[PDB]
Amino acid sequence: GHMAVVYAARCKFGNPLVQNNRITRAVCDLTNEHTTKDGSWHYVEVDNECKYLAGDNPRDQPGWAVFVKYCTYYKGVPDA
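Residue numbers (the authors' numbering): 17 to 96.
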């Protein structure tokens, strides 16, 4: 590949490297809702995925913990 690791959040459901865009859109919304004042999180279509601010590393932010709490509950695998 190319050494460009611009972060994007995705929540996969079962299938390898297969994000569920519907649930991820919902999870990212909920995440953004909770962590609005932390960072503007926004969902972008399946080429670009869920972007945190400009596509920064979400793991650092509490928003990621929110994304995780919802993905686990929804039985999905949160990646970023």
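Quick reminder that beta carbons are idealized off the backbone N, C-alpha and C, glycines included.
- For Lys-28, the enclosing beta strand (DSSP E) covers residues 26-28.
- Contact annotation: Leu-33 and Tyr-86 have beta-carbon atoms that are not nearer than 8 Å.
- In terms of Cβ geometry, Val-84 and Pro-94 form a close pair [threshold 8 Å].
- Within the same chain, Cβ atoms closer than 8 Å to the Cβ of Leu-69 are found at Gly-55, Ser-56, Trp-57, the five residues on either side in sequence being excluded.
- Taking the Cα positions, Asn-48 is about 7 Å away from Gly-79.
- Rounded to the nearest whole angstrom, the CA to CA distance from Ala-25 to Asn-36 is 11 Å.
- Per the coordinates, the alpha-carbon of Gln-77 lies some 19 Å from the alpha-carbon of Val-60.
- In the three-state DSSP reduction, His-58 falls in the strand class (E or B).
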